[PDB]
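Listed next as structure tokens is one chain, alone, in the form deposited without the named molecule.
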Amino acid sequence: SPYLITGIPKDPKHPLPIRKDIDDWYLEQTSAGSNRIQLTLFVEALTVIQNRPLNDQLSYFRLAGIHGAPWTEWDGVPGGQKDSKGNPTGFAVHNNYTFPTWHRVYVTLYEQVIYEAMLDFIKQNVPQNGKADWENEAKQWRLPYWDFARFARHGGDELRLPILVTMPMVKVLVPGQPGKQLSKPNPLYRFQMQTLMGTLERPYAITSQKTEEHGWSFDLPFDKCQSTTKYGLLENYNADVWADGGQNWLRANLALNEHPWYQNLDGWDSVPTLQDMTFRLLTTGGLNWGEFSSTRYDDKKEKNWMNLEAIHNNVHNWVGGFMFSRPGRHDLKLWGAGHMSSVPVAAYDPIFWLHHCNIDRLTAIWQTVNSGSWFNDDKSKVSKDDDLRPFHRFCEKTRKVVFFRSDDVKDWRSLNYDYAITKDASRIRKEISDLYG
């Protein structure tokens, strides 16, 4: 501490490596041969990170803890912040125009920590004769994104959670034994502690989290979970079920394709699918940064398009499960609650980061086709210079440790990653239409 966030260091041999679609990447790794070095690196590194203890601020628990509960210090920056309701809240920015830029830095922190763990894995497990090859793959690797708006391919018609997120086990290579493979628990499937999260040592215990459903208050029992869950917490179920409510990925996929938007869409031209809503986000002209970036711009919406943060909020609900209390009979098919729908605990679910990797990509796409729209309308200009706590960087012009600011990450390529879709500005509008139109 401080942990200086840079993105993966620049290697002349590896100019601006790309964050790939995680389904494309999984099939590249597994389909056409056992080309599984990056998959092995990612699984083994994330496993190590998840098994680090609470007193290591680069453990998975503590990195996820930056976002929300248990609302503690990170990297020497104190907790104790409050939200608009006066409740304890995390460092994460929601309902402000820095929502995309705070999360841009957060995703880069996760990616960097993973890369550093990959290098340690290679130094510890790859024989001399394999080091350059394994190192080359780590240097090319970037955090994959989940394209929640792209139809899943068949070997498609359906939006889906990532293939790899739905697999309890994953097959990895044994370095030093070419040809040998092992099946291991998949660290992208879920995250769990070794006890119920409500009983962790102080100050890290996860409390229940109060949420409103149909205008009434419910205390979502995240203190009673050992594992993250998608849809597995239901009111008036035995708490031994809540300890690990499962990865109910079929219900998440149903919700993605039924797209039950929480906003009032009365008066809209149509009720768009998630793909169409995403298409409209990327192609609606004449929008400013404030309107694109946040639910703050127009309180009342919470004109036939929806901002980035609002879309993102719905996808959180649809992945995690947003109904703890039993609904009416006509809505029983989507009953259940889980981590991704609750801001205080969403970052514990490993899909959180893949979702935010695509939110970062959507931001980069929109920036590409809306050059100059950046914290400069009358509403968003005040936030431009906010410190993006708790994220530290080394300033080269002043030789100081400072917090990140939004202008530091306007060009995502300064963090040494890119997206295929943003490589060629002549192609981007066509690619948006191909994927989402």
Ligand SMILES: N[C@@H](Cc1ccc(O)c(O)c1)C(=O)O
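One-based numbering along the sequence shown.
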Of the other entries that cover residues on both sides, do at least a third skip residue 372? no
Out of the other entries of this protein with residues modelled on both sides, is residue 389 skipped in at least a third? no
Of the deposited residues between residue 302 and residue 303, the number without coordinates is 10 or more
Going from residue 328 to residue 329, the deposited residues skipped in the model number none
Higher of the two mean Cα B-factors (173-181, 329-337; per PDB record) comes from 173-181
128-136 or 71-79, whichever carries the higher mean Cα B-factor: 128-136
For the CA B factor values reported in this entry, which option in 103, 123, 150, 355 has the top one? 123
Going by the entry, which of 63, 32, 39, 49 has the most elevated CA B factor? 32
B-factor third for the C-alpha atom of residue 19 within its chain: lowest
By the entry's values, the third containing the CA B factor of residue 218 is the middle
Lowest, middle or highest third - CA B-factor, residue 192: middle
Lowest, middle or highest third - CA B-factor, residue 271: highest
Is residue 296 in the lowest, middle or highest third of its chain when residues are ranked by C-alpha B-factor? middle
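Quick note: we don't show the form solved in complex with the named molecule, though the next part is all about it.
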Any chance residue 294 has a heavy atom within 4.5 Å of the named molecule in the deposited complex? no
Verify the contact flag for residue 77: yes if a non-hydrogen atom of it lies within 4.5 Å of a non-hydrogen atom of the named molecule in the deposited complex, no if not. no
Against the named molecule in the deposited complex, would residue 222 count as a contact residue? Criterion: heavy atoms within 4.5 Å. no
Within 4.5 Å, heavy atoms only: does residue 67 come near the named molecule in the deposited complex? yes
Stretch from 79-87, 315-323, 108-116, 180-188 whose residues place a heavy atom within 4.5 Å of the named molecule in the deposited complex: 315-323
Looking at 102, 352, 134, 71, which is the one with a non-hydrogen atom within 4.5 Å of the named molecule in the deposited complex? 352
Under a 4.5 angstroms heavy atom criterion, identify the one residue in 193, 254, 343, 287 near the named molecule in the deposited complex. 343
Under the 4.5 Å heavy atom criterion, name the residues of 243-281 that approach the named molecule in the deposited complex, in sequence order. 262
